[PDB]
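Working notes for the structure below.
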Amino acid sequence: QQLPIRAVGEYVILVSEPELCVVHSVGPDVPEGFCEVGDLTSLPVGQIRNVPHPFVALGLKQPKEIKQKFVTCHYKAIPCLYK
Amino acid sequence: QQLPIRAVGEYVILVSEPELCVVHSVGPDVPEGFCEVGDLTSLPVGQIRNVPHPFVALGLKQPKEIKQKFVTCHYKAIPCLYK
Amino acid sequence: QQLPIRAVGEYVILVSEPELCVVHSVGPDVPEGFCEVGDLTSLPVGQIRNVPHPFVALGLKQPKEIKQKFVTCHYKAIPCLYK
Amino acid sequence: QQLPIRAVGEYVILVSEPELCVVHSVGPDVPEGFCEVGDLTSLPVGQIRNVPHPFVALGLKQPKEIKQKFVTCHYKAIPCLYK
Amino acid sequence: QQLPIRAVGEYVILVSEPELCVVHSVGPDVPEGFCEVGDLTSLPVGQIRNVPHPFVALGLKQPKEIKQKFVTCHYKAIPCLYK
Amino acid sequence: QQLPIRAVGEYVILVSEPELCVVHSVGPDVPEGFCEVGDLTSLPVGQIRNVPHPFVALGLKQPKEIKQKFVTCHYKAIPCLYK
Amino acid sequence: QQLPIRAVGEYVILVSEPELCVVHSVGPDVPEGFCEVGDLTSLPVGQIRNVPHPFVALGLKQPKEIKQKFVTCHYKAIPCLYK
């Protein structure tokens, strides 16, 4: 799952499911033991923000040919884990 | 009542009654002794947010075939318990 | 006056007069000596929120057959007591 | 001037002049030496809130037959005293 | 310049020039050495609030026959002194 | 460049270029080593506020005959220096 | 990449890619180890603000003949690095 994209501060980067999302990266300021990579959760569309796919960002591919969707949100917006 | 869904931070996950709700899970940051699982309370529709049922989240079932409704809200939005 | 409904945190639960209200329950976080149960006060309709009657909440009765009206508000919204 | 109405917390209860108002009661949380009962001040209508007269509150009289007007506001909204 | 009107808390009372204003009174909570009475400054109309002239407040005169205009604002809204 | 106008608190007074501006005065509460007088910077028109020229303020001249434009803004609105 | 423009406080100055951006300068108040110059990231257009190119600011060139686009944003608005 690891690509070149990391969450900073109190943010968390998730990956949308084929909004159900999976934790991909947890910012270093998110309190320890808050959640873990791989954890599935649910966030309202209005609470998360789409993040450009690292390939598009690293100028390799075009948005259209990217299937995986990365989103971000502050950790305080996460209410649960299906864990 | 325990399914694979837990509240994090200062949130609380309730289950709507057949808005009258029952505490299902209390975030680890909610002050100790605030409330207990099983406790019944009332919250204005505008204060709570619907949470996808863990089966829908874990991709097992379809929303339509789920009867139980999970909602979440910050603990400070809870004013009372019918306890 | 005691029914199965208690105020939590910094909230206060009052009962509307036949908005003139009477303190019914004071949250454990309301500063000590702020007010007392039985105290009469006045709050603008816009500052308080209606709370479902514990019987309706505990599924015993129907809203229509309930005369007593419970409301809630944060303690900082209370400016005086007719004490 | 003392009727059964007291200011709580950081609020202050004034009485409108026949908005020019006179301090009637100072909440226990208003910093000591902020103002004194009897002090005259001026507040914009939008900063203060009307408070039901204690007789109306204590169900003795009707609003119409009350001449004295009580209002409230947070102490930080008070900029001066005509003292 | 001293009339019966004083600034409280973090407020400052100025007198509009015949918005160019002159400091008339500095609230006791305004940090020491912030400004001095007599100091001229400039504030946007939207940052200040008109204060009833102490004579009108003390019921001596009518607004129309008052030429001096008193205004108030929080000290943090003051950016400079023409000193 | 020094005229009779100084910045107070956390504000900074700049002078618009013939929005490109030059620091003219730094409030005593702006953290030490934040910037220096003479420093050129850029601020969005919406972040700054026009300040009356000290001559207009000190009632010497008319706005129309003033070419130099003074503006102010909180130091936290300054992102860079062309230094 | 170094031109005469530096980020102050908790801001960060980036350079838009030919919104994908590259860190050009990190304010001295941005927590140590937050990011590094040269790091690529993605920010929503609404979170960043355009900054005048230092040449335009230093009055050398005209906006039209500048290709490089500098933008700024608070460090807390940065969720990831394609690092």
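Numbering starts fresh at 1 for the residues of each chain in the structure tokens, the chains themselves are lettered A, B, ... in the order given, and ligands are numbered from 1 as they appear.
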Handout entry: 8 Å contact set for residue 80 (chain C), only C-alpha atoms, chain neighbours under 4 positions out, as JSON, numbers by chain
Key = {"C": [41, 42], "D": [5, 6, 7, 8, 13]}
Go ahead and save the picked residues with N, CA and C atoms, as a PDB file, in the first residue's frame.
```
ATOM      1  N   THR C  41     -35.832  30.474  36.800  1.00  0.00           N
ATOM      2  CA  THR C  41     -35.022  31.367  35.987  1.00  0.00           C
ATOM      3  C   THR C  41     -35.731  31.687  34.679  1.00  0.00           C
ATOM      4  N   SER C  42     -35.093  32.504  33.860  1.00  0.00           N
ATOM      5  CA  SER C  42     -35.662  32.872  32.578  1.00  0.00           C
ATOM      6  C   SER C  42     -34.603  32.757  31.498  1.00  0.00           C
TER       7      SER C  42
ATOM      8  N   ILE D   5     -34.057  38.674  41.964  1.00  0.00           N
ATOM      9  CA  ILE D   5     -33.381  38.353  40.711  1.00  0.00           C
ATOM     10  C   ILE D   5     -31.902  38.662  40.854  1.00  0.00           C
ATOM     11  N   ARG D   6     -31.068  37.667  40.615  1.00  0.00           N
ATOM     12  CA  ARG D   6     -29.634  37.840  40.735  1.00  0.00           C
ATOM     13  C   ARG D   6     -28.917  37.363  39.487  1.00  0.00           C
ATOM     14  N   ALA D   7     -27.802  38.015  39.187  1.00  0.00           N
ATOM     15  CA  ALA D   7     -26.992  37.686  38.038  1.00  0.00           C
ATOM     16  C   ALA D   7     -26.046  36.550  38.444  1.00  0.00           C
ATOM     17  N   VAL D   8     -25.779  35.618  37.530  1.00  0.00           N
ATOM     18  CA  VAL D   8     -24.864  34.514  37.816  1.00  0.00           C
ATOM     19  C   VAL D   8     -23.703  34.575  36.839  1.00  0.00           C
ATOM     20  N   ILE D  13     -26.882  42.183  35.428  1.00  0.00           N
ATOM     21  CA  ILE D  13     -28.274  42.517  35.209  1.00  0.00           C
ATOM     22  C   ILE D  13     -28.434  43.980  35.463  1.00  0.00           C
TER      23      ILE D  13
END
```
Exercise for the section: Among the residues of chain E, find those DSSP assigns to alpha helix (DSSP H) from the backbone and print them as a PyMOL selection string. Expected result: chain E and resi 54-57
Practice task
Find the residues around residue 56 (chain A) up to 12 Å (only C-alpha atoms counted), leave out those fewer than 6 positions away in its own chain, and share them as a list in words.
Solution key: residues 4, 5, 62, 63, 64, 65, 66, 67, 68, 69 and 70 of chain A; 17, 19, 20, 21, 40, 41, 42 and 82 of chain G
Practice task
One decimal, Å: what's the distance from CA of residue 10 (chain B) over to CA of residue 51 (chain B), could you say?
Solution key: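 These two atoms are separated by 15.6 Å.
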